[PDB]
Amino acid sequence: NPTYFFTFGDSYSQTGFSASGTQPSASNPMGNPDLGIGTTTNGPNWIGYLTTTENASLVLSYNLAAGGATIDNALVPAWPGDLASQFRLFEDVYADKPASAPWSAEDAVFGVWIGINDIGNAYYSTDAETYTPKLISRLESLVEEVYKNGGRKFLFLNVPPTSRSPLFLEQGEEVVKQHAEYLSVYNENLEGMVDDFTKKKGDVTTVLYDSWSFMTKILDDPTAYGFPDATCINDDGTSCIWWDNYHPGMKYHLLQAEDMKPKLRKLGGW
């Protein structure tokens, strides 16, 4: 009775999983690479922890997230491996439920964490109120592809406060503020779209996980979580919130996965 956990996103979710590498199994739930390799955390990331540490039963991880990903390069462009290309990889390899991943509506969970790069690249050049609906609508159309395949259980993570990463802190408080206000508009429209999708379909189980509030709680009170402050960087992934100037370390990812676990019980694997 395994849970097929297909995930899509950017460097906050990447592990380097290859559709031609070793495929997930009960003895090897991540498939490839080894758990703790290929992330921006110095160890497991939130998907690795959800799959092998927080899991209540067998979870199989097919992690198609790629670093540098925007939603669709026709909107905010960045790297070739945008969300659209990840969904296309899924359609190419796993949508038809091959023997390597014979998933069904009852045992497949589709997790999406996107938006960090779209916002990071367009927060000063676009109008949030009129532009973020275009990004969110494109995201919904991509989701509709999986729905047409038969997917019925979805997990969406809203965008965390990358406004307060050292990378953006260095640019000045007014830049932090402009970025954060754009981001908040994006997260509101993401919540609206998840609510509408859930209600219009009627046969889906959805979770919108508020990563923004959780990370913000840590950034506001880092010593309560064992961090010395909210700004230091350490590539050991544990001594500081930040693994580099733009990504949190394995300890943050484990804290987030633990925070997520109870909210994911309705999705089947936790």
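For every residue, the number given is its place in the sequence shown, counted from 1.
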Quiz item: Of the two stretches 231-239 and 44-52, which shows the higher Cα B-factor on average in the entry?
Solution: 231-239
Practice problem: Determine, for stretches 169-177 and 141-149, which one has the higher mean CA B-factor as deposited. | Solution: 169-177
Quiz item: Out of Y94, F87, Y124, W113, which residue has the highest Cα temperature factor in the PDB record?
Solution: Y124
Quiz item: Taking the C-alpha B-factors as the PDB entry records them, is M30 in the lowest, middle or highest third of its chain?
Solution: middle
Practice problem: Among all modelled residues of this chain, ranked by Cα B factor, put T162 in the bottom, middle or top third, i.e. lowest, middle or highest. | Solution: lowest
Quiz item: Thinking about Cα B factors across the chain, which third does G202 belong to?
Solution: highest
Exercise. Ordered by C-alpha B-factor within the chain, which third holds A105? Give me lowest, middle or highest, please.
Key: middle
Self-check item: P248 by Cα B-factor - lowest, middle or highest third of the modelled chain
Solution: lowest
